[PDB]
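To begin, one chain is listed below as C-alpha cells, in the form deposited in one PDB entry.
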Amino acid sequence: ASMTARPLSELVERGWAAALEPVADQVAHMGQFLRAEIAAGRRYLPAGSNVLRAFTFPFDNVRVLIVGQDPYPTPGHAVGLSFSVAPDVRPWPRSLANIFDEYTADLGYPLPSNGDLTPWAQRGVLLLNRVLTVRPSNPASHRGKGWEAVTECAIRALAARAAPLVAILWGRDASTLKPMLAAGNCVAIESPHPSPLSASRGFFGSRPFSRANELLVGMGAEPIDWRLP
C-alpha cells in the first residue's frame, strides 16, 4: 500500500491505474517526499494507506468531481475522501458543517446524521483535493510539493473519457483545474470554498448539488442521489 514501493496497479482501481499512468513516477516521488518528511521529523495527513483513497472507487463510474484544496489539518479528520470524516467524528469540521448547511438549503434534505461522505463516493462522486497530503495543524503546507501534477492528470483523464462529467471546484486551488475541463463533454461549477474564511463570498446559496444534477441531465446522464443518512 506504500506509494514509494508499489505500482499504481496495486494502489488504485484498474481504470485509475491506467488514467494515472503519465504520473506513475510522480506518485512514487510523492512517496519519497512523505518518507523525507518523516525522516525530518514532520508528519502528514491523511494516513499513507488513505492518501490515494479517492482513486479506489471506479474511474469509469465517476459522473461528478468535487475538488477542494487539501486534507483536513486536524489529526483524526482526514480519511482520503475530500471533506469526509469517519462516521464517529463530532463535532464536524466547520467547512463540513457549512457544506451540510448548503446541502439542506439546496436539496431540502434533513441535516445528515454524520460526516461520512462514502455514499457519495459509492454513487460516482469523486471526492478529490488539489493536494492530497497536509502537515498536521498547517493548512496548505504541502502546496507546490508535487501533488498538483497528479490531480491535474486525474482531471485531464476524466475529461478525455467518452462520458459526461460535471466538476464542482471549491476555492482557488481547485479552480486551477478549470482549463483542463474545456472540452464539450465537461462543465465546471466554481464557487468560493466552504471554509468560514471564504464561504460568505459565494459558497452559501451556490446550490452546487441541484446545479450538478441539472447539468448531468442536460448531457443525458443520470443525476446523483445526494441523499445522506
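Shifts are known only where both forms have a C-alpha. Just so we're on the same page, rigid core means the largest C-alpha set that superposes within 1.5 Å between forms. Sequential numbering from 1, following the sequence displayed.
Just so it is clear, the following notes concern the form deposited in another entry, a form of the same protein that is not shown.
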In a fit on the core, which one among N61, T56, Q26, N185 has a Cα that moves 2 Å or more between the shown form and the other one? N185
Core-aligned CA displacement of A199 at least 2 Å between the shown form and the other one: yes
Is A174 one of the residues whose C-alpha moves 2 Å or more between the shown form and the other one after the core fit? yes
Closer or farther: C-alpha pair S191/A182 in that other deposited form, relative to this form, given a change of 3 Å or more: closer
With a change of at least 3 Å, which way does the C-alpha separation between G184 and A160 go in that other deposited form: closer or farther? closer
With a 2 Å cutoff on C-alpha displacement after fitting the rigid core, which stretches of 3 or more consecutive residues move between the shown form and the other one? 171-176, 183-201
